[PDB]
Amino acid sequence: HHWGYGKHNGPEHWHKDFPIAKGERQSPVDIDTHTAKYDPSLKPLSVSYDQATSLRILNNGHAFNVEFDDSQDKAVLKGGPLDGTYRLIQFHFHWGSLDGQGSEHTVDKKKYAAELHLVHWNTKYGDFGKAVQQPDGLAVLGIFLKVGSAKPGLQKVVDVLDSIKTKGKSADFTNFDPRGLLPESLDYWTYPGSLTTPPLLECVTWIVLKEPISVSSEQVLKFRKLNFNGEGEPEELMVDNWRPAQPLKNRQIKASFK
Ligand SMILES: CC(C)c1cccc(=O)c(O)c1
Ligand SMILES: [Zn+2]
């Protein structure tokens, strides 16, 4: 009876195994565009993905993760609110059963169909496992997905999903270029928060882009054909793998843009 996104093991239950669920810097949050503060001290984000090396795609039972070689500084995030260099380890999405929900962060209470998380860890901590123990360990770049025109740079991902339908399945996934998932603008909001799944550790500088990417209805429909279950177990569609907005508490969201 481990955590998940059902009635009996979903977000309202997580605090029993993971008490930090009710902590002081949990994610996601609603982004109130009118009360976010423009911060002129914030730097442009530096997204350096030209040498990114993707390796594998994995159904981990709650998402599909596209994994990168993080054994060197090949795909790094810097600048913005960060001090130091953060290496890309993996990206994944959170999505809904319907186009009107699926994002974790919301914008003036608006839910997008999905949210992309590009996960990076602070190289001064040496590895991801160590980084998650630290208040500045991770930098997650969050990008909203709306349904409309297809995102061509997403289709290679969509096309391999039928090979990792069930929990624990993996497939080789080389030469995928994550630059193909980024919007035009790197205008962002930023705040200190947490992993949005167990263990809910409070180790994340969130960087949420203002501009959504468009994906097609067919693209997101293919996300919804994945399974939470293992092969040979009863079929539970992998949908609604998002945590709702948490209390902002003693935090202010900062904007990079006016
Ligand atoms: C694999 C889990 C712990 C995780 C790690 C890091 C970032 C995320 O956005 C997320 O949803 C989940
Ligand atoms: Zn995530």
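Taken along the Cα-to-beta-carbon direction at a fixed 7 Å, the label points for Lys225 and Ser185 span 3.5 nm. For the pair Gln155 and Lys249, label points projected 7 Å from Cα toward Cβ lie 4.5 nm apart. For the stretch 151-165, putting each phi into the Karplus relation 6.51 cos²θ - 1.76 cosθ + 1.60 with θ = phi - 60° gives couplings of 9, x, x, 8, 4, 4, 5, 3, 6, 9, 4, 5, 8, 10, 4 Hz, in residue order, rounded to whole numbers and with x for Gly and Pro.
Between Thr174 and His34, the FRET efficiency from the beta-carbon distance, with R0 = 41 Å, is close to 0.40. In terms of distances greater than 24 angstrom between alpha carbons, the cross-link table entries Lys109/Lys169; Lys78/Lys249; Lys43/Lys258; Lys22/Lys109 yield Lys109/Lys169; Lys78/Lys249.
For the stretch 1-150, the Stokes-Einstein estimate of translational diffusion at 20 °C and a viscosity of 1.002 mPa s comes to 124 µm²/s, using the Kirkwood hydrodynamic radius over alpha-carbon pairs.
Of all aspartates and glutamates in the structure, those lying under 14 Å Cα to Cα from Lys167, and not within fewer than 8 positions of it along the same chain, are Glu231, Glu233, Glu235, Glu236. For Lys111, a cut-off of 17 angstrom between C-alpha atoms picks up these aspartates and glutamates, skipping any fewer than 8 places away in its own chain: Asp30, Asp32, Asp99, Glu211, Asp240. Evaluate the stretch 126-258: find the radius of gyration of its Cα atoms, find its Kirkwood radius, and give the ratio Rg to Rh. That ratio is 0.99, to two decimals. The length gained by stretching the chain between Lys43 and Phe257 to full extension, at 0.36 nm per residue less their Cα-Cα distance, is 76.0 nm. Based on the convex hull around the alpha carbon atoms, the chain presents an average projected area of 12.9 nm². Taking 0.36 nm per residue of separation and subtracting the current Cα-Cα distance, fully stretching the chain between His15 and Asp240 would add 79.1 nm.
Just checking the listed ones, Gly126, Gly148, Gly232: in the Gaussian network model of the chain with Cα springs under 10 Å, the one fluctuating most is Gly232. Stretching the chain fully between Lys124 and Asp162 yields a gain of 9.9 nm (0.36 nm per residue, less the alpha carbon separation). Straight-line reach from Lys165: which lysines have Cα under 22 Å away, leaving out those fewer than 8 places along the same chain? Of all the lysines, those that pass the test against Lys165 - Cα under 22 Å, at least 8 places apart if same chain - are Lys151, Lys156, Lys222, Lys225.
Throughout, read-outs are computed from the coordinates displayed, never taken from laboratory work. For neighbour counting, all protein chains shown are included, and Cβ atoms are generated from backbone atoms with ideal geometry for every residue, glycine included.
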